[PDB]
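Student: Data: start.txt, compact mmCIF, N, CA and C atoms.
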# COMPACT_ATOMS: atom_id res chain seq x y z
N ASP E 11 -64.86 -13.51 19.55
CA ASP E 11 -64.34 -12.38 20.31
C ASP E 11 -64.02 -11.21 19.38
N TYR E 12 -63.57 -11.53 18.17
CA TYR E 12 -63.23 -10.51 17.18
C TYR E 12 -64.47 -9.76 16.72
N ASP E 13 -65.55 -10.49 16.50
CA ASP E 13 -66.80 -9.89 16.06
C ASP E 13 -67.34 -8.92 17.10
N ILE E 14 -68.63 -8.61 17.00
CA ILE E 14 -69.26 -7.69 17.94
C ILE E 14 -69.77 -8.43 19.17
N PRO E 15 -69.41 -7.91 20.36
CA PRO E 15 -69.81 -8.50 21.64
C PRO E 15 -71.30 -8.33 21.91
N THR E 16 -72.00 -7.70 20.97
CA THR E 16 -73.44 -7.48 21.11
C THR E 16 -74.23 -8.35 20.14
N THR E 17 -73.63 -9.47 19.74
CA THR E 17 -74.28 -10.39 18.82
C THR E 17 -75.31 -11.26 19.53
N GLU E 18 -75.78 -12.29 18.85
CA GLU E 18 -76.77 -13.20 19.42
C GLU E 18 -76.13 -14.11 20.46
N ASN E 19 -75.84 -15.35 20.06
CA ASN E 19 -75.23 -16.32 20.95
C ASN E 19 -73.72 -16.40 20.72
N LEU E 20 -73.21 -15.49 19.90
CA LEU E 20 -71.78 -15.46 19.59
C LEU E 20 -70.97 -15.03 20.81
N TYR E 21 -71.66 -14.50 21.82
CA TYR E 21 -71.01 -14.04 23.04
C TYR E 21 -71.02 -15.14 24.10
N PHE E 22 -71.59 -16.29 23.75
CA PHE E 22 -71.66 -17.42 24.67
C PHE E 22 -70.54 -18.42 24.40
N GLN E 23 -70.26 -18.65 23.13
CA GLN E 23 -69.21 -19.58 22.73
C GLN E 23 -67.83 -19.06 23.13
N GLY E 24 -67.61 -17.77 22.88
CA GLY E 24 -66.33 -17.16 23.22
C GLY E 24 -65.84 -17.58 24.59
N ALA E 25 -66.77 -17.85 25.49
CA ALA E 25 -66.42 -18.26 26.85
C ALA E 25 -65.46 -19.44 26.84
N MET E 26 -65.87 -20.53 26.19
CA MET E 26 -65.04 -21.73 26.10
C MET E 26 -63.86 -21.50 25.16
N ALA E 27 -63.83 -20.34 24.52
CA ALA E 27 -62.75 -20.00 23.60
C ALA E 27 -61.47 -19.65 24.35
N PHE E 28 -61.62 -19.22 25.60
CA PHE E 28 -60.48 -18.86 26.42
C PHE E 28 -59.59 -20.07 26.69
N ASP E 29 -60.08 -21.25 26.31
CA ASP E 29 -59.33 -22.48 26.51
C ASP E 29 -58.18 -22.59 25.52
N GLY E 30 -58.50 -22.94 24.28
CA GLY E 30 -57.49 -23.08 23.26
C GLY E 30 -57.94 -22.55 21.91
N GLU E 31 -59.09 -21.87 21.90
CA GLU E 31 -59.64 -21.32 20.67
C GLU E 31 -58.67 -20.32 20.04
N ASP E 32 -57.92 -20.77 19.04
CA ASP E 32 -56.96 -19.92 18.35
C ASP E 32 -57.60 -19.23 17.16
N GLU E 33 -56.77 -18.69 16.27
CA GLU E 33 -57.25 -17.99 15.09
C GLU E 33 -57.12 -18.87 13.85
N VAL E 34 -58.25 -19.11 13.18
CA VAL E 34 -58.26 -19.93 11.97
C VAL E 34 -57.89 -19.12 10.74
N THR E 35 -58.67 -19.27 9.68
CA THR E 35 -58.42 -18.55 8.44
C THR E 35 -59.72 -18.00 7.85
N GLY E 36 -60.66 -18.89 7.58
CA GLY E 36 -61.94 -18.47 7.02
C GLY E 36 -62.84 -19.64 6.70
N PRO E 37 -62.46 -20.44 5.69
CA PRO E 37 -63.23 -21.61 5.27
C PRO E 37 -63.19 -22.73 6.29
N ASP E 38 -64.01 -23.76 6.07
CA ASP E 38 -64.07 -24.90 6.98
C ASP E 38 -62.81 -25.75 6.86
N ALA E 39 -62.16 -25.68 5.71
CA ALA E 39 -60.94 -26.44 5.47
C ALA E 39 -59.90 -26.17 6.55
N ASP E 40 -59.75 -24.91 6.91
CA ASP E 40 -58.79 -24.52 7.94
C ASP E 40 -59.35 -24.76 9.33
N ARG E 41 -60.62 -24.44 9.52
CA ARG E 41 -61.28 -24.63 10.81
C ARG E 41 -61.28 -26.10 11.21
N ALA E 42 -61.46 -26.98 10.23
CA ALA E 42 -61.48 -28.41 10.48
C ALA E 42 -60.11 -28.91 10.91
N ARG E 43 -59.06 -28.30 10.35
CA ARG E 43 -57.70 -28.69 10.67
C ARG E 43 -57.26 -28.10 12.01
N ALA E 44 -57.66 -26.86 12.26
CA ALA E 44 -57.32 -26.19 13.51
C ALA E 44 -58.24 -26.62 14.64
N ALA E 45 -59.53 -26.37 14.48
CA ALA E 45 -60.52 -26.74 15.49
C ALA E 45 -60.39 -28.21 15.87
N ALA E 46 -59.82 -29.00 14.96
CA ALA E 46 -59.64 -30.43 15.20
C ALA E 46 -58.83 -30.68 16.47
N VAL E 47 -57.52 -30.50 16.37
CA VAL E 47 -56.63 -30.70 17.51
C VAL E 47 -56.00 -29.39 17.95
N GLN E 48 -56.10 -28.37 17.11
CA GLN E 48 -55.54 -27.06 17.41
C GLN E 48 -56.41 -26.32 18.42
N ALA E 49 -57.71 -26.55 18.36
CA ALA E 49 -58.65 -25.91 19.27
C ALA E 49 -59.19 -26.90 20.29
N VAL E 50 -58.78 -28.16 20.16
CA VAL E 50 -59.23 -29.21 21.08
C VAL E 50 -58.23 -29.42 22.20
N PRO E 51 -57.09 -28.71 22.12
CA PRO E 51 -56.03 -28.80 23.13
C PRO E 51 -56.44 -28.18 24.46
N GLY E 52 -57.33 -27.20 24.41
CA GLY E 52 -57.79 -26.55 25.62
C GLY E 52 -58.84 -27.36 26.35
N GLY E 53 -59.91 -27.71 25.65
CA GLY E 53 -60.98 -28.49 26.26
C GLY E 53 -61.91 -29.10 25.24
N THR E 54 -62.12 -28.39 24.13
CA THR E 54 -63.00 -28.87 23.07
C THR E 54 -62.48 -28.46 21.70
N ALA E 55 -62.77 -29.28 20.69
CA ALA E 55 -62.33 -29.00 19.33
C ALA E 55 -63.12 -27.84 18.73
N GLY E 56 -62.79 -26.62 19.14
CA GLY E 56 -63.48 -25.45 18.62
C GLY E 56 -62.59 -24.23 18.58
N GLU E 57 -62.21 -23.81 17.38
CA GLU E 57 -61.35 -22.65 17.20
C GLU E 57 -62.16 -21.43 16.76
N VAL E 58 -61.46 -20.38 16.34
CA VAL E 58 -62.12 -19.16 15.89
C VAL E 58 -61.51 -18.67 14.57
N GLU E 59 -62.34 -18.62 13.53
CA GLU E 59 -61.89 -18.17 12.22
C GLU E 59 -62.22 -16.69 12.01
N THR E 60 -61.50 -16.06 11.09
CA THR E 60 -61.71 -14.65 10.80
C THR E 60 -61.68 -14.39 9.29
N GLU E 61 -62.84 -14.06 8.73
CA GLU E 61 -62.94 -13.79 7.30
C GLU E 61 -63.54 -12.41 7.05
N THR E 62 -63.43 -11.94 5.81
CA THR E 62 -63.96 -10.63 5.44
C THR E 62 -64.99 -10.76 4.32
N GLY E 63 -66.23 -10.36 4.60
CA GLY E 63 -67.28 -10.44 3.61
C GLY E 63 -67.75 -9.07 3.16
N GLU E 64 -69.05 -8.95 2.89
CA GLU E 64 -69.62 -7.68 2.44
C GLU E 64 -70.01 -6.81 3.63
N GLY E 65 -70.05 -7.42 4.81
CA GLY E 65 -70.42 -6.68 6.01
C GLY E 65 -69.22 -6.03 6.68
N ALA E 66 -68.97 -6.40 7.93
CA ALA E 66 -67.85 -5.84 8.68
C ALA E 66 -66.91 -6.94 9.16
N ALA E 67 -67.33 -7.66 10.20
CA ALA E 67 -66.52 -8.74 10.75
C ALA E 67 -67.07 -10.10 10.32
N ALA E 68 -66.63 -10.56 9.16
CA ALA E 68 -67.07 -11.85 8.63
C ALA E 68 -66.25 -12.99 9.23
N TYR E 69 -66.35 -13.16 10.54
CA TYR E 69 -65.61 -14.21 11.23
C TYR E 69 -66.56 -15.31 11.71
N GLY E 70 -65.98 -16.38 12.25
CA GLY E 70 -66.79 -17.49 12.74
C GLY E 70 -66.09 -18.27 13.83
N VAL E 71 -66.87 -18.98 14.64
CA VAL E 71 -66.32 -19.77 15.73
C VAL E 71 -66.93 -21.18 15.75
N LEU E 72 -66.09 -22.18 15.51
CA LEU E 72 -66.53 -23.56 15.49
C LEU E 72 -66.04 -24.31 16.73
N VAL E 73 -66.92 -25.09 17.34
CA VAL E 73 -66.57 -25.86 18.52
C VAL E 73 -67.41 -27.13 18.63
N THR E 74 -66.74 -28.27 18.72
CA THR E 74 -67.43 -29.55 18.82
C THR E 74 -66.46 -30.67 19.21
N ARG E 75 -66.51 -31.77 18.47
CA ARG E 75 -65.64 -32.91 18.74
C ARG E 75 -64.49 -32.96 17.73
N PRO E 76 -63.28 -33.28 18.22
CA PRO E 76 -62.09 -33.37 17.39
C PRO E 76 -62.13 -34.57 16.44
N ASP E 77 -63.32 -35.12 16.25
CA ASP E 77 -63.50 -36.27 15.37
C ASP E 77 -63.92 -35.82 13.97
N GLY E 78 -63.78 -34.52 13.70
CA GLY E 78 -64.15 -33.99 12.41
C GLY E 78 -65.41 -33.14 12.47
N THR E 79 -66.11 -33.21 13.59
CA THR E 79 -67.34 -32.44 13.77
C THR E 79 -67.07 -31.13 14.50
N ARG E 80 -67.58 -30.04 13.94
CA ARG E 80 -67.39 -28.72 14.54
C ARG E 80 -68.65 -27.87 14.39
N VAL E 81 -68.77 -26.86 15.24
CA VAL E 81 -69.93 -25.97 15.20
C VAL E 81 -69.51 -24.54 14.89
N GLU E 82 -69.30 -24.26 13.60
CA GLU E 82 -68.89 -22.93 13.17
C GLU E 82 -70.07 -21.96 13.21
N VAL E 83 -69.93 -20.88 13.97
CA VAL E 83 -70.98 -19.88 14.09
C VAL E 83 -70.65 -18.64 13.28
N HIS E 84 -71.66 -18.08 12.62
CA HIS E 84 -71.48 -16.89 11.81
C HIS E 84 -71.62 -15.62 12.66
N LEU E 85 -70.55 -14.84 12.73
CA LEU E 85 -70.55 -13.61 13.51
C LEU E 85 -70.06 -12.44 12.66
N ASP E 86 -70.99 -11.58 12.26
CA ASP E 86 -70.66 -10.41 11.46
C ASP E 86 -71.46 -9.19 11.91
N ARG E 87 -70.76 -8.07 12.09
CA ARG E 87 -71.40 -6.84 12.53
C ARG E 87 -72.45 -6.38 11.51
N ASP E 88 -72.68 -7.20 10.50
CA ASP E 88 -73.65 -6.89 9.46
C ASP E 88 -75.07 -6.89 10.02
N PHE E 89 -75.19 -7.24 11.30
CA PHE E 89 -76.49 -7.28 11.96
C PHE E 89 -77.35 -8.40 11.39
N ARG E 90 -76.73 -9.28 10.61
CA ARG E 90 -77.44 -10.40 10.00
C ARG E 90 -76.62 -11.68 10.09
N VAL E 91 -75.46 -11.59 10.73
CA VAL E 91 -74.58 -12.74 10.88
C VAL E 91 -74.41 -13.11 12.36
N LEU E 92 -75.47 -13.64 12.95
CA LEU E 92 -75.44 -14.03 14.36
C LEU E 92 -75.93 -15.47 14.53
N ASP E 93 -76.04 -16.19 13.42
CA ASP E 93 -76.49 -17.57 13.45
C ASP E 93 -75.30 -18.53 13.53
N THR E 94 -75.59 -19.83 13.54
CA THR E 94 -74.55 -20.84 13.62
C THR E 94 -74.66 -21.83 12.47
N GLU E 95 -73.61 -22.63 12.28
CA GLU E 95 -73.59 -23.62 11.21
C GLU E 95 -72.83 -24.88 11.65
N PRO E 96 -73.51 -26.03 11.57
CA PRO E 96 -72.92 -27.32 11.95
C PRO E 96 -71.84 -27.77 10.97
N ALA E 97 -70.58 -27.49 11.31
CA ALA E 97 -69.46 -27.87 10.46
C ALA E 97 -69.35 -29.39 10.35
N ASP E 98 -69.62 -29.91 9.16
CA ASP E 98 -69.55 -31.35 8.92
C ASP E 98 -68.15 -31.76 8.48
N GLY E 99 -67.20 -30.84 8.61
CA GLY E 99 -65.83 -31.12 8.23
C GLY E 99 -65.60 -30.96 6.74
N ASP E 100 -66.68 -31.02 5.97
CA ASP E 100 -66.59 -30.87 4.52
C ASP E 100 -66.92 -29.45 4.09
N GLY E 101 -67.91 -28.85 4.76
CA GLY E 101 -68.31 -27.49 4.43
C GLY E 101 -69.25 -27.44 3.25
N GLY E 102 -69.97 -28.53 3.01
CA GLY E 102 -70.91 -28.58 1.91
C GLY E 102 -70.24 -28.29 0.57
With the file now loaded, output its structure as structure tokens.
Tutor:
Amino acid sequence: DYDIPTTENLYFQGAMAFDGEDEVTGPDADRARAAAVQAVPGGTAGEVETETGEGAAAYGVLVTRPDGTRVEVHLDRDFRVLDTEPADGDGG
């Protein structure tokens, strides 16, 4: 929701974000802790992180199972951050 509403599929996840998708921090370390039970309180283990990169809105939204698995999506007005990333809880 923080990123640009004119992104790729980043405007689809936000929908389920109205449940319990709170604000994370940036890295997967925080998203895994929040999206775990912090974002799973609404309906699914998926929160929303907000980071700052070289672009504009270096934020992300992860949503999956509160078992450590999350789907962090890259959303940046950089016009190149509209993809997603399967959060393995470790963050590679």
Student: Per DSSP on the backbone, filter segment 19-64 of chain E down to the residues in strand (DSSP E) and report them as an MDAnalysis selection string.
Tutor: chainID E and resid 58:61
Student: Which residues are near segment 61-65 of chain E? Cut-off 7 Å, only N, CA and C atoms, ignore same chain within fewer than 6 positions. Put them as a list in words.
Tutor: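 The residues that qualify are residues 35, 36, 37, 86, 87 and 88 of chain E.
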Student: Deliver the residues from the most recent selection as a file, using N, CA and C atoms, as a PDB file, keeping the file's coordinate frame.
Tutor:
ATOM      1  N   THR E  35     -58.670 -19.270   9.680  1.00  0.00           N
ATOM      2  CA  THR E  35     -58.420 -18.550   8.440  1.00  0.00           C
ATOM      3  C   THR E  35     -59.720 -18.000   7.850  1.00  0.00           C
ATOM      4  N   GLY E  36     -60.660 -18.890   7.580  1.00  0.00           N
ATOM      5  CA  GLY E  36     -61.940 -18.470   7.020  1.00  0.00           C
ATOM      6  C   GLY E  36     -62.840 -19.640   6.700  1.00  0.00           C
ATOM      7  N   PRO E  37     -62.460 -20.440   5.690  1.00  0.00           N
ATOM      8  CA  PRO E  37     -63.230 -21.610   5.270  1.00  0.00           C
ATOM      9  C   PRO E  37     -63.190 -22.730   6.290  1.00  0.00           C
ATOM     10  N   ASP E  86     -70.990 -11.580  12.260  1.00  0.00           N
ATOM     11  CA  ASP E  86     -70.660 -10.410  11.460  1.00  0.00           C
ATOM     12  C   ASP E  86     -71.460  -9.190  11.910  1.00  0.00           C
ATOM     13  N   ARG E  87     -70.760  -8.070  12.090  1.00  0.00           N
ATOM     14  CA  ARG E  87     -71.400  -6.840  12.530  1.00  0.00           C
ATOM     15  C   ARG E  87     -72.450  -6.380  11.510  1.00  0.00           C
ATOM     16  N   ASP E  88     -72.680  -7.200  10.500  1.00  0.00           N
ATOM     17  CA  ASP E  88     -73.650  -6.890   9.460  1.00  0.00           C
ATOM     18  C   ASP E  88     -75.070  -6.890  10.020  1.00  0.00           C
TER      19      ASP E  88
END
Student: Counting only N, CA and C atoms, which of E:27, E:83, E:73, E:39 gets nearest to residue 55 of chain E?
Tutor: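 Nearest to residue 55 of chain E: E:73.
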Student: So the first atom is atom CA of residue 29 of chain E and the second is atom N of residue 85 of chain E; what is the distance between them in Å, to one decimal place?
Tutor: 19.3 Å
Student: To one decimal place, how far is atom C of residue 51 of chain E from atom C of residue 28 of chain E in Å?
Tutor: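 Answer for the atom C of residue 51 of chain E to atom C of residue 28 of chain E separation: 9.0 Å.
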Student: Between atom C of residue 17 of chain E and atom C of residue 89 of chain E, measure the distance and give it in Å to one decimal.
Tutor: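 These atoms are spaced 8.9 Å apart.
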Student: Would you mind listing what lies within 6 Å of residue 74 of chain E as JSON, numbers by chain, with all atoms listed in the file counted and same-chain residues fewer than 3 positions away left out?
Tutor: {"E": [54, 55, 56, 79, 80, 81]}
Student: Within 8 Å of (-70.3, -22.6, 7.9), only N, CA and C atoms: residues as a list in words?
Tutor: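 Using only N, CA and C atoms, the matching residues come out as residues 37, 38, 70, 81, 82, 83, 84, 94, 95, 96, 97, 98, 101 and 102 of chain E.
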Student: Convert the current residue selection to file output with N, CA and C atoms, as a short mmCIF file (atom, residue, chain, number, x, y, z; two decimals), in the coordinates of the input.
Tutor:
data_model
loop_
_atom_site.label_atom_id
_atom_site.label_comp_id
_atom_site.auth_asym_id
_atom_site.auth_seq_id
_atom_site.Cartn_x
_atom_site.Cartn_y
_atom_site.Cartn_z
N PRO E 37 -62.46 -20.44 5.69
CA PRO E 37 -63.23 -21.61 5.27
C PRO E 37 -63.19 -22.73 6.29
N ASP E 38 -64.01 -23.76 6.07
CA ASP E 38 -64.07 -24.90 6.98
C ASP E 38 -62.81 -25.75 6.86
N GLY E 70 -65.98 -16.38 12.25
CA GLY E 70 -66.79 -17.49 12.74
C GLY E 70 -66.09 -18.27 13.83
N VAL E 81 -68.77 -26.86 15.24
CA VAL E 81 -69.93 -25.97 15.20
C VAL E 81 -69.51 -24.54 14.89
N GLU E 82 -69.30 -24.26 13.60
CA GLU E 82 -68.89 -22.93 13.17
C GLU E 82 -70.07 -21.96 13.21
N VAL E 83 -69.93 -20.88 13.97
CA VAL E 83 -70.98 -19.88 14.09
C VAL E 83 -70.65 -18.64 13.28
N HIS E 84 -71.66 -18.08 12.62
CA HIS E 84 -71.48 -16.89 11.81
C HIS E 84 -71.62 -15.62 12.66
N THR E 94 -75.59 -19.83 13.54
CA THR E 94 -74.55 -20.84 13.62
C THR E 94 -74.66 -21.83 12.47
N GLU E 95 -73.61 -22.63 12.28
CA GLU E 95 -73.59 -23.62 11.21
C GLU E 95 -72.83 -24.88 11.65
N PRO E 96 -73.51 -26.03 11.57
CA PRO E 96 -72.92 -27.32 11.95
C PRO E 96 -71.84 -27.77 10.97
N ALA E 97 -70.58 -27.49 11.31
CA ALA E 97 -69.46 -27.87 10.46
C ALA E 97 -69.35 -29.39 10.35
N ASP E 98 -69.62 -29.91 9.16
CA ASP E 98 -69.55 -31.35 8.92
C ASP E 98 -68.15 -31.76 8.48
N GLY E 101 -67.91 -28.85 4.76
CA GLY E 101 -68.31 -27.49 4.43
C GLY E 101 -69.25 -27.44 3.25
N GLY E 102 -69.97 -28.53 3.01
CA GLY E 102 -70.91 -28.58 1.91
C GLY E 102 -70.24 -28.29 0.57
#
Student: Set the distance at 8 Å and use only C-alpha atoms: which residues neighbour residue 57 of chain E once local chain neighbours fewer than 3 positions away are removed? I'd like the list as a list in words.
Tutor: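 Near residue 57 of chain E, the qualifying residues are residues 27, 30, 31, 32, 33, 34, 41, 44, 45, 48, 49, 50, 71, 72 and 73 of chain E.
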Student: Which residue is closest to residue 47 of chain E? Choose from E:77, E:25, E:59, E:67 and count only C-alpha atoms.
Tutor: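 Smallest separation from residue 47 of chain E among the options: E:77.
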Student: Write down as a list in words the residues belonging to chain E that are assigned alpha helix (DSSP H) by DSSP computed on the backbone.
Tutor: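 Here is the list: residues 20, 21, 22, 23, 24, 25, 26, 27, 28, 29, 30, 38, 39, 40, 41, 42 and 43 of chain E.
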Student: Would you mind putting back N, CA, C and O atoms on segment 34-52 of chain E, then writing it out as a JSON list (two decimals), in the coordinates of the input?
Tutor:
[["chain", "number", "residue", "atom", "x", "y", "z"],
["E", 34, "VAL", "N", -58.25, -19.11, 13.18],
["E", 34, "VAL", "CA", -58.26, -19.93, 11.97],
["E", 34, "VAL", "C", -57.89, -19.12, 10.74],
["E", 34, "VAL", "O", -56.92, -18.36, 10.75],
["E", 35, "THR", "N", -58.67, -19.27, 9.68],
["E", 35, "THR", "CA", -58.42, -18.55, 8.44],
["E", 35, "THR", "C", -59.72, -18.00, 7.85],
["E", 35, "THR", "O", -59.86, -16.79, 7.66],
["E", 36, "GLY", "N", -60.66, -18.89, 7.58],
["E", 36, "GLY", "CA", -61.94, -18.47, 7.02],
["E", 36, "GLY", "C", -62.84, -19.64, 6.70],
["E", 36, "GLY", "O", -63.88, -19.85, 7.34],
["E", 37, "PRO", "N", -62.46, -20.44, 5.69],
["E", 37, "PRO", "CA", -63.23, -21.61, 5.27],
["E", 37, "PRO", "C", -63.19, -22.73, 6.29],
["E", 37, "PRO", "O", -62.44, -22.67, 7.27],
["E", 38, "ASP", "N", -64.01, -23.76, 6.07],
["E", 38, "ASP", "CA", -64.07, -24.90, 6.98],
["E", 38, "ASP", "C", -62.81, -25.75, 6.86],
["E", 38, "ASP", "O", -62.44, -26.46, 7.79],
["E", 39, "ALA", "N", -62.16, -25.68, 5.71],
["E", 39, "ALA", "CA", -60.94, -26.44, 5.47],
["E", 39, "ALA", "C", -59.90, -26.17, 6.55],
["E", 39, "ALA", "O", -59.24, -27.10, 7.03],
["E", 40, "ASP", "N", -59.75, -24.91, 6.91],
["E", 40, "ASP", "CA", -58.79, -24.52, 7.94],
["E", 40, "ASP", "C", -59.35, -24.76, 9.33],
["E", 40, "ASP", "O", -58.64, -25.23, 10.22],
["E", 41, "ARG", "N", -60.62, -24.44, 9.52],
["E", 41, "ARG", "CA", -61.28, -24.63, 10.81],
["E", 41, "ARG", "C", -61.28, -26.10, 11.21],
["E", 41, "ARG", "O", -61.12, -26.43, 12.38],
["E", 42, "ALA", "N", -61.46, -26.98, 10.23],
["E", 42, "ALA", "CA", -61.48, -28.41, 10.48],
["E", 42, "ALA", "C", -60.11, -28.91, 10.91],
["E", 42, "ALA", "O", -59.99, -29.83, 11.71],
["E", 43, "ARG", "N", -59.06, -28.30, 10.35],
["E", 43, "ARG", "CA", -57.70, -28.69, 10.67],
["E", 43, "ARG", "C", -57.26, -28.10, 12.01],
["E", 43, "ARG", "O", -56.58, -28.76, 12.80],
["E", 44, "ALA", "N", -57.66, -26.86, 12.26],
["E", 44, "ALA", "CA", -57.32, -26.19, 13.51],
["E", 44, "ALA", "C", -58.24, -26.62, 14.64],
["E", 44, "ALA", "O", -57.78, -27.17, 15.65],
["E", 45, "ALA", "N", -59.53, -26.37, 14.48],
["E", 45, "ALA", "CA", -60.52, -26.74, 15.49],
["E", 45, "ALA", "C", -60.39, -28.21, 15.87],
["E", 45, "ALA", "O", -60.80, -28.62, 16.95],
["E", 46, "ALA", "N", -59.82, -29.00, 14.96],
["E", 46, "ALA", "CA", -59.64, -30.43, 15.20],
["E", 46, "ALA", "C", -58.83, -30.68, 16.47],
["E", 46, "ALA", "O", -59.38, -31.02, 17.51],
["E", 47, "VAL", "N", -57.52, -30.50, 16.37],
["E", 47, "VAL", "CA", -56.63, -30.70, 17.51],
["E", 47, "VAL", "C", -56.00, -29.39, 17.95],
["E", 47, "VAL", "O", -55.43, -29.30, 19.04],
["E", 48, "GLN", "N", -56.10, -28.37, 17.11],
["E", 48, "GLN", "CA", -55.54, -27.06, 17.41],
["E", 48, "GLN", "C", -56.41, -26.32, 18.42],
["E", 48, "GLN", "O", -55.90, -25.56, 19.25],
["E", 49, "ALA", "N", -57.71, -26.55, 18.36],
["E", 49, "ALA", "CA", -58.65, -25.91, 19.27],
["E", 49, "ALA", "C", -59.19, -26.90, 20.29],
["E", 49, "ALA", "O", -59.96, -26.54, 21.18],
["E", 50, "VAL", "N", -58.78, -28.16, 20.16],
["E", 50, "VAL", "CA", -59.23, -29.21, 21.08],
["E", 50, "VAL", "C", -58.23, -29.42, 22.20],
["E", 50, "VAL", "O", -58.45, -30.20, 23.13],
["E", 51, "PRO", "N", -57.09, -28.71, 22.12],
["E", 51, "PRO", "CA", -56.03, -28.80, 23.13],
["E", 51, "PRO", "C", -56.44, -28.18, 24.46],
["E", 51, "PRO", "O", -55.95, -28.59, 25.52],
["E", 52, "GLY", "N", -57.33, -27.20, 24.41],
["E", 52, "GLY", "CA", -57.79, -26.55, 25.62],
["E", 52, "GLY", "C", -58.84, -27.36, 26.35],
["E", 52, "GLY", "O", -58.69, -27.66, 27.54]]
